Structures are given as C-alpha cells and as structure tokens.
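To start, the structure under review is shown below, and the notes come after it.
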Amino acid sequence: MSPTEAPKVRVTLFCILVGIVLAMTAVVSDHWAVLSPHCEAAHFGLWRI
Amino acid sequence: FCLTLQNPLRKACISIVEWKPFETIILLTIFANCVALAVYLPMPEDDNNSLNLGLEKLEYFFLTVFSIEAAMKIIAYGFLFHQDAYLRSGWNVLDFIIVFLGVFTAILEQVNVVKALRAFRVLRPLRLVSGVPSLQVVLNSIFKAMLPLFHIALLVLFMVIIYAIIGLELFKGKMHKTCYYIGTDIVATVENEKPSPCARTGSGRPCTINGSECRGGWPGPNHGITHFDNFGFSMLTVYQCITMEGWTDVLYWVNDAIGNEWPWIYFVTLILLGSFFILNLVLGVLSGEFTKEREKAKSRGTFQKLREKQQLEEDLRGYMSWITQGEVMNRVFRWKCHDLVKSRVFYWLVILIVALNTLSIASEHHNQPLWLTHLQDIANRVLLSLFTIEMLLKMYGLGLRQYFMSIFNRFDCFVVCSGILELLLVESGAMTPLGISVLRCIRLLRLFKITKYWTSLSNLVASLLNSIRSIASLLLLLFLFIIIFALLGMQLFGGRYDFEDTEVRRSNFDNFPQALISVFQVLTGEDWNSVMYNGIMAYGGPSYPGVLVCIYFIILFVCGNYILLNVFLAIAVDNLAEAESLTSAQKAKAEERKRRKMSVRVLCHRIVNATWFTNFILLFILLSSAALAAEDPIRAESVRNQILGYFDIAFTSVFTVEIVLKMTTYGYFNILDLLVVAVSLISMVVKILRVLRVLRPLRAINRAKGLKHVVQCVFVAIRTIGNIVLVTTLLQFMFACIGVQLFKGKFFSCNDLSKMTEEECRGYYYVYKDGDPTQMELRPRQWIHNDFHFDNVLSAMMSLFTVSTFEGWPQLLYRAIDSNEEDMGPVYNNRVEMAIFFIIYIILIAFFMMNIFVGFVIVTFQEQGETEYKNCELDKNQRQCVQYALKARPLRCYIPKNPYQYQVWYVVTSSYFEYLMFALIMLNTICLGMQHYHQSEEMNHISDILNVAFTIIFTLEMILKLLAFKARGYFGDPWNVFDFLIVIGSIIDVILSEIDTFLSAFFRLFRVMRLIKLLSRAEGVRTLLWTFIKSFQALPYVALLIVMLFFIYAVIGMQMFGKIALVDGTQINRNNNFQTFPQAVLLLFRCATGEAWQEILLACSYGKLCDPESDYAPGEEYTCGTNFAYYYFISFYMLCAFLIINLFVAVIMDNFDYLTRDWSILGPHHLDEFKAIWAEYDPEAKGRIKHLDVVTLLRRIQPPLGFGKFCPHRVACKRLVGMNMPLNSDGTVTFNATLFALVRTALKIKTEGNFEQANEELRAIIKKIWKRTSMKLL
Amino acid sequence: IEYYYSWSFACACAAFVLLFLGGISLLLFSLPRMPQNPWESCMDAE
Ligand SMILES: COc1ccc([C@@H]2Sc3ccccc3N(CCN(C)C)C(=O)[C@@H]2OC(C)=O)cc1
Ligand SMILES: [Ca+2]
Ligand SMILES: [Ca+2]
C-alpha cells in the first residue's frame, strides 16, 4: 500500500510511461545526423538512413 | 631491583653505582650525541671535509659508552634470568637494539677497509625519551588515542583502493602524448606552463605551439610520477589528491587527455568523499575521545586541583591587599592620585595615549615622507614621557608593594625602562648599526599593552598558564619527532639533489637548519608533492628501487599530522573546558552575591494562504535564479542572452502581481522582496545595477520555515565567536608590524639575478632554455616588485593572511631568507635565521590560535547540548536506552518451508559460505589490480576470461539466494538489491564487450563496484558510515547555505571576472575560468580547498587582457579585471571556512552519543543482539513467542546483559520468575516488554511498588502518549 | 559536412535523461529510509 499508493510513486511511474515512447520515437525516427556538403544532405537513424 | 636468582654483590656492587646522577650523566651524554649528528654535513658522491672526519671517530667514542653501560645493567642484575629481567621492560629493548646494531656498523665498515646502515644511527634521540619517564606518559597519551581511529583508517583504505581500480580502468595509458617541436625530442611549452598531455583529433587540447606536433613518445606528466597506468602509480596519485595538494593538476591533465566533460565527476566525488568526509570522521572520533577522558578526570579527583588552587590563589592575592593597603596609610597629594586612578577619568584617558602609540607605529612604510619620519621621533619622545609619568605616579602614589604584586605592572616598568634604554643608547653616537633597528623592533612591545583592555579571555589566558608544564610536554615531543625526520632525510637526500638542471630546488635536505625547515613544510602540507618528486628523481626515477623513497613522505605526512591533532585539538579541548566551567562557576558565585544585596480583503488571504500559491512562488524563484546561471558573460548580444533576457520581463510579471496583492492585507524581510523587483524593474551605471540583481535567491529564505532557522543560528554563532576573531586580528596586527621592521623595501628584485639594484636593471639580457648555453633568447630586464610583500601595515596583513592559510608561504620564506638590504635585490641564503618569523607565526596562528576557534565552537555547542536540563530519576543513557525499549519493532527474516528449499537455505546462510564469497571478492580485486599498461597479449586474454569466470560465480550466488528466500525475502535486504544491480551490469559488461570483437567504459565499472559488499560484514565500519550519513540527511539546510553561497559567488564572479581572456601560462586558462557557470563553480571549489587561490587573485585584477569575442573600445584590450578581486577572494575564504566548520560541528553534535559511547557498560549493540535472537523464534513478526523458548532464549545472551558464564541452574530459574515480567498465555509472551524487563534487571533496579511511579518517570520524561504502556507497565 | 539535430538527439538524449533519472527515483522510493534511530532497521516489519 504505502510504497504503491503514494503520490510520489504514481507521479514517478507515469513519468516512466511517458519516456517509454520517447525512445520508441527515436527507434523509428532517423533524424539526428544532418549532413551538409552542398545537394547531398543525409538523415541517419537506427534503422533508416 | 632485586635478584631471586642473584649473584653475590662483588659483581653486584655495580647496582649501587646506578644511583641519582648516573642516569643523568648518560642522559647528558646523549644530548652530546644528538649534536654530533646535527653537525654532520652530508656531501655528494663520497666527498668529505675535516669536521666529518673527526666526527666518525667520535661516533666510535659514543658507541663504547653505550655498550659499557648496557653491559653494566645486565650484570648489575646478574645471571641469564637477570638479563632476562632487564630486557623485560620494553624501554630497554630499544636501548639494546640501537647499541647492538651500533657496533655492527663499526665492524662492517671496518671490514671493507654500508651507508644505508649508517641510517640506524639516527634512531638515538629515542633512547633519550626512555631516560625521562615524564614523557613516557606523553607518548602513551598519543598511542592511547589510536585504537578508536582504527575503523576510520580501514575506511580510508577501501577508498584509496576503490578510486585506484576505478582510475586504472578509465585513465590507464592516456597521458603519453605531448606537443613536440617538429622533428625534435624537445617538448614545447609557454614560459610558465608545466608540460601537459594533449590529444590529436579528440576532445583534448590540440597542440597550439606553432611548428609543433603531438606525438606519443612521452613518459608522463611529472617526469612519469603522476599517471594512472599501473596499480602502484594509480595508488600513489590518488593518495596525493586526497591530501588536497595538487588535485587540480591531476584533474587538468586528464582534461587535456581524454576530454573535458566527463572526468570532473571522478575528482570531485573523490575529494569530498575521502577528504572533506574522512576529516569529518577524524574530528568526531578524536573529539569524542578527548571528552570521555575529561569525564574520567572529573571522576578521579582532578576537578578540585584547578578549582581549589585557583581559589587558593585569588584568596591569597586578596588577603595580601588587606595588609598592604594598610602598610601605607602621606599628604592630600598622595591621596588625590588614588581617587584619580580608580576613577574612569584615568582608564578612559590612558587608552588615549595607547591609541597614539599604535597610530605612530602603523604609519611606518617604505619610502615614507621626511616629515612623518621626523614626527615619529617627536611622538616617541612624548609617549615615553607619558608612560613614565603614569609609572612614577603609580610607583609612589599607590605604593611599590601593590605595584609588584600585579601581573601586568611588571610589564610596564620594563617598557618604561626599555623605552628609556633607547633614548640613552641612540643618543650616544653608539648607534650599533643593527641595534638601531632592533630597538625599533623593541618599541613594538608597547602595542602589547592594549591586551589588558580585553578582560574577556582572562579566564583562558589564566587557564593557559596553569598548563605550561603540560603544554610544553607536548610541544617538546612534537619537536623531537621532527629531529628524527630532519636527520633521516639528511641521510637519504643529503647531497643527492646533484641534478644538472639550472633550476632551483630550495626545499632540500643539505644542512640541519634546512632539513628542519623542509620537514616542517611537509607537516603544514604545503607543496609537499614537490619535495617528494625531487626525492624520487634524486634516486633513479619512477622505477622499482627509486620509488620506495615515496614512503618517507607518507609516514612523514600521515603520522606527523596525527601528532598535530593529539596536541592542538586536545589543548584546546582540555584547556577550553576549564576556561568555560570556571566562568560558569563565576556565574553561580556571582548571582548568589547579587541576591544578598537585594534581600476585497477576504478572498485574497485564502488565495495566498493556499499551499499551491506558496509553491508557485518557489518555482519562480528556482527559475529566476537559474536564468542568471545560464547567462552569457562575454556577449551582451547573444540570441541566448536575449531569449534569457526576456525572462527579466517575463518573470517580473508575476513578482509584480504578488507584491501589489501582498500589500492589501498588510501595510523586515518583506522590504527586500520589494527590493528585488525594484532592481529588476529599473534595469528594464547600467552595469553596477546588474550586480544587485543577484539577490533573487535571498527572497527564498523568507518562505521556508526551515531556512529562517539556520541563518538565525548562524548569527547567534557570530555574537559568540566574535571575541576570538577580534583578538586574532590584534595578534595578526602585531606580527604585521614586526614584518615592516624586518622586510621593508627588501622584496624588490631584478629580472636576472645578477643586477642588484634598480639603476643597473635596464636593457636586455639572455635566457637559456633547458640550460643549454647554445639556445638563448633576448628578454628585456625589468625591476619587478614582489606580489605579496611587507611594505606597510596593510600589505603586511595581506601577506600574513595567506601564510596563515598555508598557501604560498614557501615563496615568501625564500624571498625573506634571500633578502639583502634596503632597496636592493636578493642574496642566496642571506638571512637563514628569518625562518623563525614564519614558524613562530605559523605555530601561533595557524595551528593554535585557530585551534581555539574549533575548540571554542565544539565546547559551546555542547552548551546548546546543556541548556536543556532533564534531571529526572533516569540518567540520559537510561532514558535514551529506555526510549529504545518503548519504540521498537521486530524484524523479518523469512525462514522457509518445503525442505527441498530448506536444504539450500541452511547451506547458504552458514559462515563457511560467507567466507567463501568473501574470499572470491578478495580474489576478484587482485585480478583487477593486475591490469597495467604495455601489458602482453597473454594477460589480455586471461583478463577477459576471468571477467567471464567471476561473473558466472556471482551470478550463481544470486540464483541460489533467489531459491532460498523465494523472491519476496530476497528484495527485503538492501544489500541484495545492490547485489542484483551488480550482477546485471556485470553481464552487460560481458555481452557488449564480445559483440564488438564478434564483429563503453561505464559497464567496466560494475567489476569494481562489487567490492562495496565488504561493507555488508564490517559491523564496526558500516555503523560508522551509517551514523555520519544519517546526519548529513538530518541537516539538509546547513548544507544548503553552502549550496547557496557557491551560487551567489559564482554569478558575481561570472559578472566581473568573466571577460578575462584565456591566455595559457596564467591562472585563468582553459581549465580555470569564470566564463560559464560550471566553470565558475569548479573554480570556486579550487579556492575552497586552497590550491593557488592567492595566485588566482593576482590573475584577475584589472590589468588582465580581454578576449576578442567580447567588445571594447579598441586601445582598451588591457583594461578588464578589477581591484574588487581582493574583496571578492578574501571574503570568500572567510565565509566558506566559517560555513564549513559550522557544518562540521553540527554533524558531531548528533553523533555525540555514538562518539562517546563508552562501549563497556550497555549500548544498542547489545540490544541489537536481542532482536537477532528474537528473529530466531519469530521468523515473521506476529508478536509473541512461546514460554518454553524463553528458557532457551536467555542463555543466548552475553553476560553484560543476559546470564553469566556459569551453569544457569541457579539464577535463571529465579531471574525468569523472581524478577517480574508480563504474564501472557502459556505459549505467548510479547516482544516489547520482554525487552523492557531484561534491561530493567541490568539497569534501573527498582523494588516492588514502583510499577506506577516507574510509569511516572516513563510518562514525564516521555513525549507523545504512545498508549502501549498497557503492554509496557507491569 | 557538419552534424546537427532538431528532433532525435534531443528526444533520445531526453529518453535517456528520462529513464535513467526516473528509475533511480523509483528505486529510492521503495527502499525504506535511513533508520535515524538505534532501533530501526531496513527491512523491519511493515
Ligand atoms: C576552507 O576549508 C577549510 C579547511 C580547513 C579548516 C580548518 S583550519 C585550516 C586552515 C588552513 C589550512 C588548513 C586548515 N585545516 C587543515 C588541518 N588539518 C588537516 C589537520 C583544518 O583542518 C581545519 O578544519 C578542521 C575541522 O580541522 C577550515 C576550512
Ligand atoms: Ca595547500
Ligand atoms: Ca597548497
């Protein structure tokens, strides 16, 4: 009860439940390398490039 | 002193001769031997002079005497069981080991007709202490306080090991690259840079020396002493960082290697943990050990000795006045000078001519005006008369018998005589070329007359002088400890600094005066690493025989700073206890004297009364501040500084709304919250108003109820402390004024040391790089004045403060010893006797006068622990102990069922398994210490195999410890929760390593953190860590002033000092700076440990050049920095030091029970073992046990609580019944009052009838009801 | 040739910054407390 009904453990657990998808954002997004030769820009990810 | 197996006296007569001076003719002989080692002059490469050739004969003479007499004590006794007896006393085991190994080196040195056996010769000043038995109780007062510090020293050793294997695995082999001139082996630097590691295309510092390249053939950063690339040099360089001399050189050499952002967390965590936190434990155990002994000196007889003889002295001095005031009373003229003196006309107008004497003295300066020179001989001739008037008035108008009786009038007749000594000597033509200024140093005694005006520490200055057969019995035994180490390093290092470099190593071991100075410097801690690096390069180098020299300076620094804590702390504790109790007894003596002579509004309150609103202000204070934190110093035009500049108007919407809303309901702290917005609105000189914007955190200590309480307890602790702080600043001021008579004008020096005066120090000259006489370069020479100097009273106090701290005092010692004459450059070892100024100043201030500040605080916060008085029937321990018995709660241990599962369970929790896993952890550490640099491949593979081989084993202790407890019980014990954490991350160490080779550093650290499971067994250490970590969490507010004080001082520092350019070679470089907020905080940390903070202070004072990414009107590059730096840095060193010993003392006074526990009588460590055996009968809690168990439960208890070592048929059949207990059912007896009943037999023996009055002392000494007294009364 | 990010780096170096920081907070909130007093023990009944 007292470890599992407290507001500090249920605020925390929902904040876990937010960023569980933020990685799942990154697992299918391919955006955090922006090449710029100048066109020949590339967009790298974890699967798609 | 008899035989029992004796031989007739003919040979036993010798025993008669041993009478009174026989001991002292050989105690006089050994002081001649100590001088015979102190004039031996060590010379390099087997060279000699005449006096060392007539001393080696003398050694032979000395040896024979010891031998003859150490033969005439075994046969002044007699036979083999009479030399058996003489030896029996351990003081005569050293007296034999010296003189037998003494003749051994007279033989073997005469056979080879060696020089490491000439260094047992230095052990003979200890044979001096066996002779005086007065000091054998003084060593045994230092050795007796070392068995409590055992569990601290073991904790330093599992942190010097942990940070070594962490620092091996991360930092191994990184620091081997330096900038080298193209195609040479010559290392490239700037003039004032020590050579550091660099990286090519990484995050380290790129080489930028012009025509320089970065290559890796470089051995290490201090010639190869301080690196991390095997276990001995990782452990030597971590130990250096703990003692806090030069940890910021190891930190900055890693930032030029691997990178800038990650390695700070290693050095900061380590420093705090092993330095600021071990030093908390050392000053708790030691502080409590010196308090438990004053209670056992209270409890023998010793209180009356300093009370009776005190009051037998003040009644003796008072009984002398009842005769000697009638020995005199002869005119009206002899009386009206008595009404004159005791009136306040005289005691408020002799203080007028003292202040004319200070101002006469504190106006000397170098190059002073000719009128103020001529004035000061007039004002000396006047103030010599006005002291002589009030002495002739005092020696006749109130008699010469009251005069001599006083302790302070004895000073005055001297000062009048020794003042008129000068006016008769200098008015002679007998000027005596040096004594014309020695007698100017003499008239400096006149400002010691103002010490009489205190009358607030004369219960301590009284209490000081009662102990000067004991003060000096310790300052001798410290002074003997130096003279062994002074002379041991004349052996090992005398000569031996015969390097062919053109640099100076002035802290060397050539003479005896110099060796002594060197030993002392390593005790003050300052720059001892340089004195150690020279001792390693004096031998081979970083090799196998050369580096065992490093354990001279470990025994020197550890065991010498151990004596300093057993003396200064003890003196300030024992001497402070008497100076306080006697003043608190002059309390009770005086108030018993004084009693003899007498005998719409309403919505708004709710709106700002709601909790959400209060918290809504706080996250706009926690955000208003953190926008000053992210602000850009260097650009007033940044897109960040604009978008953070909008928050100046975006946060002053809300803090404008509330202040209007606040002043409807109403109409000290409140005006500042108006004043914050006031600056924040007018700022929408422009620069000087940004500084007053810093007080946005200070309106957060009006909101918390806890933050008001700490700042008020601090302002209490200045009104107390501010008597000592003013006396020091008087004594600081005296030594400042001697220094203007000695060192005034003398710290000028040219640029090359050949030119002695200013007229010659013009034009250009050559410097030679690395001492090659072929590699030379012009420089202009210039007559430079020293930075910290003694030239008026103001700069002489500036210099003294730094020395008091211990920073940079050797560069003032050598600028003073080398000092020549009036306006003239230095001379090598000119005045080697002016090392006594800087040692008397340090012994006074930095080790003693300062020891009274901590001693005073420690004692007067046991008064906050003694203004609360609880004189009930129960003693505090009983009561505290009793509190235990009420508020307990039993444990859970989860003993299993299903005897398959049980068959594992007994095998696991047995001690032949606990030995098994606590051997494998001990073997797993040794495999990690095996790693090193340029290892072979056959170690590379058995490294990685055992990384897998151990990981499987600690996995298999964890699968078993799931089976026995079945999961619910495994995650109940929080070492197992940590053990689960280690097993997982150790597996990821294996899998992530192999999948790269099949086709990061952080998971290598789960191999080292498994060592922390040693803490799960050390009940003596895990209690000591728990008790001090319990109380950093219990004081989270005092540790938020220090958080707040670094926040304020960084933001002001980023403001004013933020535009200094990063030249490298100075103290504002790419490692030390105020250009961000993390850079600034780190810089502040360097100064709070005191690395080169006085050398930082000079580096940010107006003259410094600004970076070009700032803007400025050109022609003003050399304009940034300010002379506010002196106010900034001196104030920061005094506030942070105050706020840290604040937090140090507050943690001691929660553990004041543990630290003084007196382990014998009764404690919770006995009372833990109740609940341990109570776990054996209740697996899960469920209240009670059966009655038949209590028969067998009670023999399980140690006789300091339970039953004795006898067979329990006699007492336990009675004490279980004949002592009262709660009577539950046939198979029930409760937990808590069973525990209450068994301590009641041990302590608080009460007879029958007091079952309700013992609940009256358990309800008036008690707090909240806690109504379980129904199960706790009878 | 540069490196730049406006989506993934600041989400994954937020998801790291989330998950590492919340689980540690979740860890501290179910371990009991520092016992503060000589009778308490981690793992004590209820
Ligand atoms: C700013 O951080 C500090 C450090 C030290 C102190 C004081 S006085 C002092 C002054 C100058 C240099 C060292 C000290 N030392 C170093 C001596 N000890 C190793 C024996 C102390 O131990 C004192 O602290 C205590 C509780 O003992 C106060 C603030
Ligand atoms: Ca230092
Ligand atoms: Ca230093």
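How things are named: the first chain in the structure tokens is A, the next is B, and so on; residues count from 1 in each chain; ligands count from 1 in the order shown.
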Quiz prompt | Distance query region 739-741 of chain B at most 8 Å, only C-alpha atoms, self and fewer than 6 positions along chain excluded, as a PyMOL selection string | solution = chain B and resi 364-365+437+440-441+790-793+796
Quiz item: Could you name the residues that touch region 29-45 of chain C at 7 Å or less, counting only C-alpha atoms, but leaving out those on the same chain fewer than 2 positions away, as number ranges by chain?
Solution: A: 3, 9; B: 884, 888-892, 972-973, 1030, 1164, 1181; C: 25-27
Exercise. Throw together the list of residues within 7 Å of ligand 3, counting only C-alpha atoms and all ligand atoms, and drop it here as a PyMOL selection string.
Key: chain B and resi 245+526-527+806-808+1090-1092
Self-check item: Near-region 12-22 of chain C list (6 Å; only C-alpha atoms; drop same-chain fewer than 5 positions) as a list in words
Solution: residues 19, 22, 23 and 26 of chain A
Exercise. Could you give me, as a list in words, the residues within 9 Å of residue 171 (chain B), counting only C-alpha atoms and dropping anything in the same chain fewer than 3 positions from it?
Key: residues 166, 167, 168, 174, 175, 227, 228, 229, 254 and 258 of chain B
File of the preceding selection, N, CA, C and O atoms, as a CSV table (one decimal), in the first residue's frame:
chain,number,residue,atom,x,y,z
B,166,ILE,N,39.1,2.0,-10.1
B,166,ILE,CA,38.3,2.9,-11.0
B,166,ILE,C,39.2,3.7,-11.9
B,166,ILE,O,39.1,3.7,-13.1
B,167,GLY,N,40.2,4.4,-11.3
B,167,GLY,CA,41.1,5.2,-12.1
B,167,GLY,C,42.1,4.5,-12.9
B,167,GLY,O,42.7,5.0,-13.7
B,168,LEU,N,42.3,3.2,-12.6
B,168,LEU,CA,43.0,2.4,-13.5
B,168,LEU,C,42.2,2.1,-14.8
B,168,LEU,O,42.6,2.6,-15.8
B,174,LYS,N,46.6,7.0,-20.9
B,174,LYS,CA,46.1,8.1,-21.7
B,174,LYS,C,47.0,9.2,-21.8
B,174,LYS,O,47.0,9.9,-22.8
B,175,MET,N,47.9,9.4,-20.8
B,175,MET,CA,48.6,10.7,-20.7
B,175,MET,C,50.1,10.4,-21.2
B,175,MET,O,51.0,10.5,-20.4
B,227,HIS,N,50.7,9.5,-13.0
B,227,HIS,CA,49.9,8.9,-14.1
B,227,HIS,C,49.0,7.9,-13.5
B,227,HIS,O,49.0,7.8,-12.2
B,228,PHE,N,48.4,7.0,-14.3
B,228,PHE,CA,47.5,6.0,-13.8
B,228,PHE,C,47.7,4.7,-14.3
B,228,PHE,O,46.7,3.9,-14.4
B,229,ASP,N,48.9,4.4,-14.8
B,229,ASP,CA,48.9,3.2,-15.7
B,229,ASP,C,49.5,2.0,-15.1
B,229,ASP,O,49.9,1.1,-15.9
B,254,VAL,N,44.0,15.3,-17.1
B,254,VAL,CA,43.1,14.5,-17.7
B,254,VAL,C,42.2,15.2,-18.7
B,254,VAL,O,41.8,14.7,-19.7
B,258,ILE,N,41.8,12.6,-22.4
B,258,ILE,CA,40.5,12.1,-22.8
B,258,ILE,C,39.4,13.1,-23.1
B,258,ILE,O,38.6,13.0,-24.1
Exercise. Step by step, measure atom-to-atom distances between ligand 1 and each residue using only C-alpha atoms and all ligand atoms, keep those at most 6 Å, then write them as a ChimeraX atom specification.
Key: /B:805-806,1088-1089,1136-1137,1141
Saved selection, atoms kept: C-alpha atoms, as a compact mmCIF listing (two decimals), in the first residue's frame:
# COMPACT_ATOMS: atom_id res chain seq x y z
CA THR B 805 46.00 29.69 5.37
CA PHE B 806 49.12 27.77 4.19
CA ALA B 1088 37.87 26.35 -1.09
CA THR B 1089 40.49 23.66 -0.99
CA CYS B 1136 33.27 29.42 3.36
CA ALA B 1137 35.59 28.41 6.17
CA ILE B 1141 33.22 24.16 10.33
I'd like the neighbourhood of residue 33 (chain A) as a short mmCIF file (atom, residue, chain, number, x, y, z; two decimals) with N, CA, C and O atoms, in the first residue's frame, where a residue qualifies if any of its atoms comes within 10 Å (using only C-alpha atoms), though same-chain residues fewer than 2 positions away should be ignored.
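What landed in selection10.cif:
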data_model
loop_
_atom_site.label_atom_id
_atom_site.label_comp_id
_atom_site.auth_asym_id
_atom_site.auth_seq_id
_atom_site.Cartn_x
_atom_site.Cartn_y
_atom_site.Cartn_z
N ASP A 30 14.69 8.85 -37.92
CA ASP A 30 16.05 8.87 -38.43
C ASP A 30 16.49 10.31 -38.69
O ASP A 30 16.68 10.72 -39.84
N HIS A 31 16.79 11.04 -37.63
CA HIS A 31 16.95 12.47 -37.80
C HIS A 31 18.16 13.11 -37.12
O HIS A 31 18.39 14.30 -37.33
N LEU A 35 23.86 15.85 -42.40
CA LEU A 35 25.00 16.13 -43.25
C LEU A 35 24.71 17.36 -44.10
O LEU A 35 23.57 17.59 -44.51
N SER A 36 25.74 18.17 -44.37
CA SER A 36 25.60 19.35 -45.22
C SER A 36 26.86 19.57 -46.05
O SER A 36 27.74 20.35 -45.68
N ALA A 41 22.54 16.16 -48.58
CA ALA A 41 22.25 16.03 -47.15
C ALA A 41 21.79 14.61 -46.85
O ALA A 41 21.08 14.00 -47.65
N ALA A 42 22.19 14.08 -45.69
CA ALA A 42 21.75 12.76 -45.25
C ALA A 42 21.08 12.84 -43.88
O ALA A 42 21.32 13.77 -43.11
N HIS A 43 20.23 11.85 -43.59
CA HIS A 43 19.44 11.80 -42.35
C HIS A 43 19.55 10.41 -41.74
O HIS A 43 18.77 9.51 -42.09
N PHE A 44 20.48 10.24 -40.81
CA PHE A 44 20.81 8.95 -40.24
C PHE A 44 19.90 8.61 -39.06
O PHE A 44 19.43 9.49 -38.34
N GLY A 45 19.70 7.32 -38.84
CA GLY A 45 18.96 6.84 -37.69
C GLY A 45 19.48 5.54 -37.14
O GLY A 45 20.68 5.29 -37.16
N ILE A 49 18.31 5.30 -42.94
CA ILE A 49 19.37 6.28 -43.21
C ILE A 49 19.02 6.94 -44.53
O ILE A 49 18.84 6.26 -45.55
N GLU C 2 28.71 18.74 -41.61
CA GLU C 2 28.51 19.13 -40.22
C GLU C 2 27.86 18.00 -39.43
O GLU C 2 27.80 16.86 -39.90
N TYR C 3 27.38 18.31 -38.23
CA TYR C 3 26.43 17.48 -37.50
C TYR C 3 25.39 18.39 -36.86
O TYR C 3 25.74 19.43 -36.29
N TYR C 4 24.12 18.01 -36.96
CA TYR C 4 23.06 18.88 -36.48
C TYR C 4 21.86 18.01 -36.11
O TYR C 4 21.69 16.93 -36.67
N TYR C 5 21.06 18.49 -35.18
CA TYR C 5 19.91 17.75 -34.68
C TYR C 5 18.83 18.72 -34.22
O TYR C 5 19.14 19.74 -33.60
N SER C 6 17.60 18.41 -34.54
CA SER C 6 16.46 19.18 -34.05
C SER C 6 15.31 18.29 -33.61
O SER C 6 14.33 18.80 -33.06
N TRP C 7 15.46 16.98 -33.79
CA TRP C 7 14.44 16.02 -33.37
C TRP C 7 14.93 14.83 -32.51
O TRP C 7 14.66 14.78 -31.31
N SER C 8 15.62 13.88 -33.14
CA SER C 8 16.09 12.67 -32.46
C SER C 8 17.14 12.75 -31.33
O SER C 8 16.99 12.05 -30.32
N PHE C 9 18.17 13.57 -31.47
CA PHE C 9 19.20 13.68 -30.44
C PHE C 9 18.66 14.20 -29.11
O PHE C 9 19.01 13.71 -28.03
#
Self-check item: Contact residues around residue 976 (chain B) with only C-alpha atoms at 12 Å, ignoring same-chain residues under 2 positions, as a ChimeraX atom specification
Solution: /B:954,957-959,961-962,965,967-974,978-983,1010,1012-1013,1016 /C:31,42-43
Quiz prompt | Between CA of residue 1076 (chain B) and CA of residue 641 (chain B), distance in Å (one decimal) | solution =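 Distance between the two atoms: 12.8 Å.
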Quiz item: What is the CA of residue 360 (chain B) to CA of residue 384 (chain B) distance in Å?
Solution: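 If I compute the distance from CA of residue 360 (chain B) to CA of residue 384 (chain B), I get 12.4 Å.
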Exercise. Using CA of residue 1253 (chain B) and CA of residue 1200 (chain B) as the two end points, give the distance in Å to one decimal.
Key: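 Straight-line distance from CA of residue 1253 (chain B) to CA of residue 1200 (chain B) works out to 26.5 Å.
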Exercise. Just the residues within 12 Å of residue 177 (chain B), please, counting only C-alpha atoms, with nothing from its chain fewer than 2 positions along; format it as a PyMOL selection string.
Key: chain B and resi 173-175+179-180+187-188+195-200+204-207+213-221+253-254+256-258
Quiz item: So which residues of region 145-337 of chain B fall under alpha helix (DSSP H) by DSSP, listed as a ChimeraX atom specification?
Solution: /B:150-160,162-171,231-242,247-254,264-271,278-289,295-298,305-324,333-337
